[PDB]
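First the structure, in the form of structure tokens, and then the observations on it.
Backbone-built Cβ (ideal geometry, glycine too); neighbour counts: all protein chains shown. Nothing in this text is a laboratory measurement; each read-out follows from the coordinates by a stated rule.
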Number of protein chains: 2
Amino acid sequence: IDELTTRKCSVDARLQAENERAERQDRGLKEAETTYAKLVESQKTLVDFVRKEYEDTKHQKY
Amino acid sequence: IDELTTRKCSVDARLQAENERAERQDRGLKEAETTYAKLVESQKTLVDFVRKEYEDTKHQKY
């Protein structure tokens, strides 16, 4: 039963570390996804802008 | 002379507007160069920002 206490405390100290690391991954995964959405909207702006300049030179061509 | 003046007036008007077209193109790339420059600095830094999150996420699990 005391060997269990050593084992239980070992996994408990690892489980609380697991809780800390998992949340940190959860914290960064959300921030990465929000910054991902920043990149997703990033091209959408210039994609609209690359093809508006793509069309604006058409009049300046002919 | 008048017949060539019509050509002269046409070529002068279209080129003086073509200079406007040229500068309109210059402002066209100015945003395009800036936005591409704005993206590539943002793209590279955010990718390694994700790798930084990815590394620590890998570090916590490995």
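Rounded to the nearest 20 Debye, what is the dipole magnitude of chain A about its Cα centre when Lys and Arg each give +1 and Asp and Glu each give -1 at the C-beta?
On the way: 13 positive and 14 negative charges, 72 e Å.
Here the size comes out at about 340 debye.
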- prompt: When we measure straight from the Cα of residue A:8, which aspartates and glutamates land under 16 angstrom away, once same-chain ones fewer than 8 places off are left out?
  reply: A:18
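Need one value for B:32-44: mean number of C-beta atoms belonging to other chains within 10 Å of its residues' C-beta atoms.
Numbers: counts 5, 0, 1, 7, 2, 0, 3, 5, 0, 0, 4, 3, 0.
That average works out to 2.
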field: Charge-dipole axis of chain B as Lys and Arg at +1 and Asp and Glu at -1 on Cβ define it, positive-most pick from B:47, B:15, B:35
entry: B:47
query: Any number yet on Rg/Rh for the protein assembly as shown, C-alpha, Kirkwood?
result: 1.48
field: Hits among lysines - C-alpha to C-alpha of residue A:52 under 22 Å, sequence gap 8 or more where chains match
entry: A:38, A:44, A:61, B:30, B:38
field: Mean-position separation - Cα centroids, region A:1-35 and chain B, in angstrom
entry: 47
message: Please list 3J(HN,Hα) in residue order for region B:8-19, calculated via the Karplus relation 6.51 cos²θ - 1.76 cosθ + 1.60 where θ = phi - 60°; whole Hz, with x for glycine and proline.
response: 5, 5, 5, 5, 5, 5, 6, 6, 5, 6, 5, 4
